[PDB]
Amino acid sequence: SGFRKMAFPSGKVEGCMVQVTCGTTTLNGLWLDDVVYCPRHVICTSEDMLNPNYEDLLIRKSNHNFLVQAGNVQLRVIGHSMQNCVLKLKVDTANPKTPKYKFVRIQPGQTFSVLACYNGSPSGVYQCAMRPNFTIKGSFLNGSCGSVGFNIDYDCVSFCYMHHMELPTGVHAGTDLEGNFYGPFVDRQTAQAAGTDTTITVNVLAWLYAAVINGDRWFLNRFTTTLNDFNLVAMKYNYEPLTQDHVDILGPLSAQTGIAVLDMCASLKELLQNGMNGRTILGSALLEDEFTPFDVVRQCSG
Amino acid sequence: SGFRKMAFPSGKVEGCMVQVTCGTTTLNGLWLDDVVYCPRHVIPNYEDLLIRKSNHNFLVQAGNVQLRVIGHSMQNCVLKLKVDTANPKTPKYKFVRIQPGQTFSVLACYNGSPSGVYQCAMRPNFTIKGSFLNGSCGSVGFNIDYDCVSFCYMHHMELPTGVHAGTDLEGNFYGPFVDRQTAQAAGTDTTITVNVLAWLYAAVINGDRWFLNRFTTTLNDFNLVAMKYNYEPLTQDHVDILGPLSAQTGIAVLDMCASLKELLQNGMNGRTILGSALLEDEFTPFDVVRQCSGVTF
Ligand SMILES: O=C1N(c2cncc3ccccc23)CCC[C@]12CCOc1ccc(Cl)cc12
Ligand SMILES: O=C1N(c2cncc3ccccc23)CCC[C@]12CCOc1ccc(Cl)cc12
Ligand SMILES: [Cl-]
Ligand SMILES: [Cl-]
């Protein structure tokens, strides 16, 4: 019993964190096999952050300009290439702590763990979700660039995010491990703004199922709804549309609790109209949207 | 920017998690040097039950390798299984007993394998509001200081309200609990006041100031109000501990106490603090400073 925001154990990722210094800029790198991955903005100077030409800046660099430190050992950079917004620094040593890994690009609503690092050293681990506006509400200070987002599947680390930027609203933007940004963001200091954020509906429903599995039933009602009527109500509360894929994904939780998806949707509609009335669901006075249907099943059943 | 419930990096502890099987019971053990620590309920008169066991009854598995048990002893509610091999991954560690209101990270394990890490606090009623299923016994709570892991908790049981109870690494239970199936209940819980104040400072540091007011209060008047809302008494030690946060934000502790008094008597009124409609009490003043300054391990 109990429902907590749970991160994946970070050990497999801690053994990959290195410090990358280029000139005055110091950030974190991900050392996998003989390659160190890091944000390409590590090459940027003061005069070139508004409109940097990364291809131009990188051609002027040599391998010895990149200082890579793994613990108290300096790694030797023997090559460098750029792949979208990520810099790939070929090094002379393969990381002995390299785990079984994959590079995966995630979709909004998906959750992951973040190992926040500064100077190549892990300082904390927390759970995040890719917001529908492609930002993440992280906990990042200056020096955390290159910190990674991941999930673990048996013994395989799926790297899904690398931190690059903080927007003016205090939210965060970054890329997958192939350097492709999530969202319409660019690694430039030009005026950028996070779009209006919306609640991840399928995740709120999964969390209501988690509450039912944990004994909470106060929010349940005798009503059902059509998928279209639910979406018409949901859109007015800035909730993401619920698709047939979402309904299908919620199937196992619906079978386990005996509450049809559209039946739980009618509970959510009521909660949106009424609020909680001094009550909590799983120790929260707000509807939690950073637990996916897959997280709920994993935490509740195994 | 940003404030998250953050756990310590779990790597140093992952390298210590092993599976302990005794008869039909399978749970987790902590392998430090040549000793595996686990809840004694893996084997009630525990001296009588243990005397009937031999070293070969305890099957200890570290990954896909079986360790050989060469001795066994009991220390309070923890079983210490002496093994032939010292854990090469043994980090710099201490066994520390924590106080209510202190926070720590839990590495939830099943079958000796880590499945998740989460941050939690030792409630004033000595329970933890964890997330544990059957098979998680022996999962540990810890803090990291520099390169030293301070082991502070080992999971033993779930109370009927879904909250959890356990021991320090010396086998002494937190709270008035016993490791036996009998009538046990978590006592009435209270809010960790110093932690709520630290979290209000974290909100100020992050730009959230709506709850601030011009008022101040005496420590005694604040304590009279706090007692009425099932909040722990705030001591001069707590006020002193909140000193650096008070200096950083320019808001005196008793000034922040007057904000908390108004939040208690009036509510949030549709507003939130750090994305929460409730007053969060599982961040200590040290956690807030650590997160709002980026201390690494
Ligand atoms: O966001 C950025 N940084 C930060 C990243 N994460 C958390 C931060 C918390 C406080 C201060 C800065 C933070 C550090 C690197 C540079 C920068 C500065 C702003 O201009 C840009 C524009 C684009 C890009 Cl890709 C990066 C940046
Ligand atoms: O609590 C217990 N278990 C559990 C521990 N943590 C999370 C659990 C989630 C669901 C089910 C059981 C859980 C494991 C088995 C032993 C047990 C069962 C109840 O009787 C007692 C009495 C005392 C002690 Cl020390 C342990 C137990
Ligand atoms: Cl995805
Ligand atoms: Cl302090």
# chains A, B, ... in the order shown; residues from 1 in each chain; ligands from 1
>>> closest_atom_pairs(of="chain A", to="ligand 1", cutoff="6 Å", atoms="only C-alpha atoms and all ligand atoms", output="tab-separated table")
residue	atom	partner	partner_atom_place_in_ligand_line	distance
A:140	CA	ligand 1	7 (C)	4.6
A:141	CA	ligand 1	9 (C)	4.0
A:142	CA	ligand 1	13 (C)	4.2
A:144	CA	ligand 1	6 (N)	5.9
A:145	CA	ligand 1	5 (C)	5.7
A:164	CA	ligand 1	25 (Cl)	4.5
A:165	CA	ligand 1	1 (O)	3.5
A:166	CA	ligand 1	1 (O)	3.9
A:187	CA	ligand 1	25 (Cl)	3.5
A:188	CA	ligand 1	23 (C)	4.2
A:189	CA	ligand 1	22 (C)	3.8
>>> write_last_selection(atoms="N, CA and C atoms", output="PDB file, in the first residue's frame")
ATOM      1  N   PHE A 140      16.367  22.657 -11.569  1.00  0.00           N
ATOM      2  CA  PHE A 140      17.647  22.850 -12.208  1.00  0.00           C
ATOM      3  C   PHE A 140      18.237  24.229 -11.961  1.00  0.00           C
ATOM      4  N   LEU A 141      19.472  24.267 -11.512  1.00  0.00           N
ATOM      5  CA  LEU A 141      20.210  25.510 -11.318  1.00  0.00           C
ATOM      6  C   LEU A 141      21.217  25.640 -12.466  1.00  0.00           C
ATOM      7  N   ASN A 142      21.914  26.788 -12.561  1.00  0.00           N
ATOM      8  CA  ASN A 142      22.964  26.936 -13.572  1.00  0.00           C
ATOM      9  C   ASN A 142      24.084  25.900 -13.260  1.00  0.00           C
ATOM     10  N   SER A 144      23.583  22.632 -14.334  1.00  0.00           N
ATOM     11  CA  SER A 144      22.884  21.356 -14.465  1.00  0.00           C
ATOM     12  C   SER A 144      22.717  20.886 -15.892  1.00  0.00           C
ATOM     13  N   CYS A 145      23.173  21.676 -16.909  1.00  0.00           N
ATOM     14  CA  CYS A 145      23.012  21.285 -18.311  1.00  0.00           C
ATOM     15  C   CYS A 145      23.765  20.014 -18.584  1.00  0.00           C
ATOM     16  N   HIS A 164      19.020  21.244 -21.285  1.00  0.00           N
ATOM     17  CA  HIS A 164      19.703  22.280 -22.041  1.00  0.00           C
ATOM     18  C   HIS A 164      19.348  23.697 -21.599  1.00  0.00           C
ATOM     19  N   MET A 165      18.077  23.971 -21.241  1.00  0.00           N
ATOM     20  CA  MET A 165      17.639  25.352 -21.073  1.00  0.00           C
ATOM     21  C   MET A 165      16.523  25.596 -20.082  1.00  0.00           C
ATOM     22  N   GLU A 166      16.553  26.765 -19.438  1.00  0.00           N
ATOM     23  CA  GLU A 166      15.481  27.176 -18.565  1.00  0.00           C
ATOM     24  C   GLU A 166      14.767  28.344 -19.235  1.00  0.00           C
ATOM     25  N   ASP A 187      18.396  26.070 -29.056  1.00  0.00           N
ATOM     26  CA  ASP A 187      19.475  26.354 -28.114  1.00  0.00           C
ATOM     27  C   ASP A 187      20.114  27.716 -28.435  1.00  0.00           C
ATOM     28  N   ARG A 188      19.294  28.754 -28.302  1.00  0.00           N
ATOM     29  CA  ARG A 188      19.635  30.150 -28.537  1.00  0.00           C
ATOM     30  C   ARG A 188      19.007  30.975 -27.423  1.00  0.00           C
ATOM     31  N   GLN A 189      19.655  32.083 -27.044  1.00  0.00           N
ATOM     32  CA  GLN A 189      19.127  33.000 -26.041  1.00  0.00           C
ATOM     33  C   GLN A 189      18.060  33.960 -26.609  1.00  0.00           C
TER      34      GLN A 189
END
>>> interface_residues(of="chain A", to="chain B", cutoff="7 Å", atoms="only C-alpha atoms", output="ChimeraX atom specification")
/A:1-11,14,118,121-126,137-141,170,285-286
>>> atom_distance(atom1="atom CA of residue B:179", atom2="atom CA of residue B:17")
21.6 Å
>>> select_by_dssp(residues="stretch 37-200 of chain B", states="strand (DSSP E or B)", output="PyMOL selection string")
chain B and resi 37-39+58-62+65-67+69-75+78-83+92-95+103-110+113-121+128+140-145+148-158+164-167+173+191
>>> residues_around(residues="stretch 296-301 of chain A", least_positions_apart="5", cutoff="7 Å", atoms="only C-alpha atoms", output="MDAnalysis selection string")
chainID A and resid 206:207 210 291
>>> write_last_selection(atoms="C-alpha atoms", output="PDB file, in the first residue's frame")
ATOM      1  CA  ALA A 206      -4.445   6.418 -13.993  1.00  0.00           C
ATOM      2  CA  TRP A 207      -3.801   8.146 -10.631  1.00  0.00           C
ATOM      3  CA  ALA A 210      -4.224   4.038  -8.155  1.00  0.00           C
ATOM      4  CA  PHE A 291       1.922   9.089 -13.064  1.00  0.00           C
TER       5      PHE A 291
END
>>> decode(residues="stretch 150-180 of chain B", atoms="N, CA, C and O atoms", output="PDB file, in the first residue's frame")
ATOM      1  N   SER B 150      24.634   7.384   5.306  1.00  0.00           N
ATOM      2  CA  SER B 150      24.128   7.158   6.657  1.00  0.00           C
ATOM      3  C   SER B 150      22.859   6.325   6.551  1.00  0.00           C
ATOM      4  O   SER B 150      21.831   6.826   6.091  1.00  0.00           O
ATOM      5  N   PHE B 151      22.945   5.031   6.899  1.00  0.00           N
ATOM      6  CA  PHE B 151      21.767   4.160   6.856  1.00  0.00           C
ATOM      7  C   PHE B 151      20.941   4.472   8.089  1.00  0.00           C
ATOM      8  O   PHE B 151      21.473   4.494   9.201  1.00  0.00           O
ATOM      9  N   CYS B 152      19.679   4.811   7.884  1.00  0.00           N
ATOM     10  CA  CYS B 152      18.838   5.225   8.990  1.00  0.00           C
ATOM     11  C   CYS B 152      17.565   4.414   9.145  1.00  0.00           C
ATOM     12  O   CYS B 152      16.935   4.542  10.177  1.00  0.00           O
ATOM     13  N   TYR B 153      17.180   3.596   8.156  1.00  0.00           N
ATOM     14  CA  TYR B 153      15.921   2.876   8.225  1.00  0.00           C
ATOM     15  C   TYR B 153      15.969   1.571   7.468  1.00  0.00           C
ATOM     16  O   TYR B 153      16.653   1.461   6.469  1.00  0.00           O
ATOM     17  N   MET B 154      15.260   0.582   7.955  1.00  0.00           N
ATOM     18  CA  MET B 154      15.086  -0.702   7.296  1.00  0.00           C
ATOM     19  C   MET B 154      13.598  -1.021   7.451  1.00  0.00           C
ATOM     20  O   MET B 154      13.065  -0.947   8.554  1.00  0.00           O
ATOM     21  N   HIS B 155      12.940  -1.386   6.364  1.00  0.00           N
ATOM     22  CA  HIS B 155      11.512  -1.648   6.374  1.00  0.00           C
ATOM     23  C   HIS B 155      11.151  -3.018   6.941  1.00  0.00           C
ATOM     24  O   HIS B 155      11.730  -4.037   6.550  1.00  0.00           O
ATOM     25  N   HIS B 156      10.203  -3.037   7.857  1.00  0.00           N
ATOM     26  CA  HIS B 156       9.729  -4.268   8.462  1.00  0.00           C
ATOM     27  C   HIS B 156       8.250  -4.531   8.170  1.00  0.00           C
ATOM     28  O   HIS B 156       7.897  -5.680   7.875  1.00  0.00           O
ATOM     29  N   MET B 157       7.370  -3.506   8.312  1.00  0.00           N
ATOM     30  CA  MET B 157       5.941  -3.788   8.196  1.00  0.00           C
ATOM     31  C   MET B 157       5.019  -2.668   7.710  1.00  0.00           C
ATOM     32  O   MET B 157       5.380  -1.499   7.679  1.00  0.00           O
ATOM     33  N   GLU B 158       3.797  -3.051   7.355  1.00  0.00           N
ATOM     34  CA  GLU B 158       2.757  -2.110   6.957  1.00  0.00           C
ATOM     35  C   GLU B 158       1.660  -2.157   7.986  1.00  0.00           C
ATOM     36  O   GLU B 158       1.151  -3.228   8.294  1.00  0.00           O
ATOM     37  N   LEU B 159       1.292  -1.000   8.508  1.00  0.00           N
ATOM     38  CA  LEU B 159       0.208  -0.825   9.466  1.00  0.00           C
ATOM     39  C   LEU B 159      -1.150  -0.815   8.741  1.00  0.00           C
ATOM     40  O   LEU B 159      -1.208  -0.531   7.544  1.00  0.00           O
ATOM     41  N   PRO B 160      -2.258  -1.141   9.439  1.00  0.00           N
ATOM     42  CA  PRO B 160      -3.561  -1.225   8.758  1.00  0.00           C
ATOM     43  C   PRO B 160      -3.994   0.019   7.978  1.00  0.00           C
ATOM     44  O   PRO B 160      -4.815  -0.107   7.061  1.00  0.00           O
ATOM     45  N   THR B 161      -3.455   1.206   8.314  1.00  0.00           N
ATOM     46  CA  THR B 161      -3.812   2.413   7.565  1.00  0.00           C
ATOM     47  C   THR B 161      -2.999   2.598   6.270  1.00  0.00           C
ATOM     48  O   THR B 161      -3.110   3.641   5.640  1.00  0.00           O
ATOM     49  N   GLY B 162      -2.165   1.623   5.900  1.00  0.00           N
ATOM     50  CA  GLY B 162      -1.339   1.734   4.706  1.00  0.00           C
ATOM     51  C   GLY B 162      -0.037   2.471   4.940  1.00  0.00           C
ATOM     52  O   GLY B 162       0.718   2.671   3.995  1.00  0.00           O
ATOM     53  N   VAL B 163       0.245   2.910   6.190  1.00  0.00           N
ATOM     54  CA  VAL B 163       1.522   3.556   6.524  1.00  0.00           C
ATOM     55  C   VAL B 163       2.524   2.500   6.970  1.00  0.00           C
ATOM     56  O   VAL B 163       2.139   1.376   7.255  1.00  0.00           O
ATOM     57  N   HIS B 164       3.811   2.842   7.022  1.00  0.00           N
ATOM     58  CA  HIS B 164       4.855   1.878   7.246  1.00  0.00           C
ATOM     59  C   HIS B 164       5.673   2.060   8.528  1.00  0.00           C
ATOM     60  O   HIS B 164       5.800   3.164   9.061  1.00  0.00           O
ATOM     61  N   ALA B 165       6.173   0.934   9.051  1.00  0.00           N
ATOM     62  CA  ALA B 165       6.983   0.955  10.246  1.00  0.00           C
ATOM     63  C   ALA B 165       8.274   0.167  10.055  1.00  0.00           C
ATOM     64  O   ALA B 165       8.304  -0.856   9.342  1.00  0.00           O
ATOM     65  N   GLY B 166       9.341   0.667  10.661  1.00  0.00           N
ATOM     66  CA  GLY B 166      10.623  -0.020  10.566  1.00  0.00           C
ATOM     67  C   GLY B 166      11.603   0.291  11.668  1.00  0.00           C
ATOM     68  O   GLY B 166      11.259   0.950  12.639  1.00  0.00           O
ATOM     69  N   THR B 167      12.850  -0.128  11.499  1.00  0.00           N
ATOM     70  CA  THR B 167      13.880   0.053  12.514  1.00  0.00           C
ATOM     71  C   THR B 167      15.058   0.872  11.999  1.00  0.00           C
ATOM     72  O   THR B 167      15.174   1.089  10.799  1.00  0.00           O
ATOM     73  N   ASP B 168      15.974   1.275  12.899  1.00  0.00           N
ATOM     74  CA  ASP B 168      17.242   1.812  12.469  1.00  0.00           C
ATOM     75  C   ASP B 168      18.077   0.533  12.075  1.00  0.00           C
ATOM     76  O   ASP B 168      17.563  -0.592  12.164  1.00  0.00           O
ATOM     77  N   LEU B 169      19.339   0.689  11.656  1.00  0.00           N
ATOM     78  CA  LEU B 169      20.150  -0.470  11.274  1.00  0.00           C
ATOM     79  C   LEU B 169      20.689  -1.277  12.478  1.00  0.00           C
ATOM     80  O   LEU B 169      21.293  -2.328  12.291  1.00  0.00           O
ATOM     81  N   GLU B 170      20.409  -0.822  13.694  1.00  0.00           N
ATOM     82  CA  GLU B 170      20.693  -1.561  14.894  1.00  0.00           C
ATOM     83  C   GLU B 170      19.457  -2.377  15.359  1.00  0.00           C
ATOM     84  O   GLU B 170      19.515  -2.976  16.419  1.00  0.00           O
ATOM     85  N   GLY B 171      18.369  -2.410  14.560  1.00  0.00           N
ATOM     86  CA  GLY B 171      17.168  -3.184  14.845  1.00  0.00           C
ATOM     87  C   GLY B 171      16.202  -2.582  15.839  1.00  0.00           C
ATOM     88  O   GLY B 171      15.272  -3.273  16.253  1.00  0.00           O
ATOM     89  N   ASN B 172      16.386  -1.313  16.235  1.00  0.00           N
ATOM     90  CA  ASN B 172      15.487  -0.654  17.171  1.00  0.00           C
ATOM     91  C   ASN B 172      14.393   0.004  16.369  1.00  0.00           C
ATOM     92  O   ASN B 172      14.680   0.850  15.532  1.00  0.00           O
ATOM     93  N   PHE B 173      13.139  -0.384  16.595  1.00  0.00           N
ATOM     94  CA  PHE B 173      11.992   0.205  15.899  1.00  0.00           C
ATOM     95  C   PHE B 173      11.876   1.712  16.117  1.00  0.00           C
ATOM     96  O   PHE B 173      12.166   2.229  17.207  1.00  0.00           O
ATOM     97  N   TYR B 174      11.405   2.407  15.085  1.00  0.00           N
ATOM     98  CA  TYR B 174      11.009   3.784  15.240  1.00  0.00           C
ATOM     99  C   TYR B 174       9.534   3.612  15.651  1.00  0.00           C
ATOM    100  O   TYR B 174       8.776   2.893  14.980  1.00  0.00           O
ATOM    101  N   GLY B 175       9.144   4.212  16.759  1.00  0.00           N
ATOM    102  CA  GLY B 175       7.767   4.117  17.226  1.00  0.00           C
ATOM    103  C   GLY B 175       7.517   2.936  18.129  1.00  0.00           C
ATOM    104  O   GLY B 175       8.388   2.083  18.317  1.00  0.00           O
ATOM    105  N   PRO B 176       6.313   2.876  18.705  1.00  0.00           N
ATOM    106  CA  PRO B 176       5.989   1.800  19.659  1.00  0.00           C
ATOM    107  C   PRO B 176       5.525   0.501  19.009  1.00  0.00           C
ATOM    108  O   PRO B 176       4.547  -0.129  19.446  1.00  0.00           O
ATOM    109  N   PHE B 177       6.237   0.099  17.982  1.00  0.00           N
ATOM    110  CA  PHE B 177       5.869  -1.068  17.214  1.00  0.00           C
ATOM    111  C   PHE B 177       6.689  -2.308  17.568  1.00  0.00           C
ATOM    112  O   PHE B 177       7.792  -2.219  18.106  1.00  0.00           O
ATOM    113  N   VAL B 178       6.103  -3.465  17.306  1.00  0.00           N
ATOM    114  CA  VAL B 178       6.712  -4.773  17.505  1.00  0.00           C
ATOM    115  C   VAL B 178       6.605  -5.568  16.177  1.00  0.00           C
ATOM    116  O   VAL B 178       5.657  -5.370  15.418  1.00  0.00           O
ATOM    117  N   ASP B 179       7.571  -6.432  15.882  1.00  0.00           N
ATOM    118  CA  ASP B 179       7.587  -7.194  14.639  1.00  0.00           C
ATOM    119  C   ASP B 179       6.860  -8.514  14.789  1.00  0.00           C
ATOM    120  O   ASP B 179       7.437  -9.595  14.683  1.00  0.00           O
ATOM    121  N   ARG B 180       5.574  -8.413  15.043  1.00  0.00           N
ATOM    122  CA  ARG B 180       4.706  -9.549  15.275  1.00  0.00           C
ATOM    123  C   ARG B 180       3.284  -9.185  14.807  1.00  0.00           C
ATOM    124  O   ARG B 180       2.869  -8.020  14.905  1.00  0.00           O
TER     125      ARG B 180
END
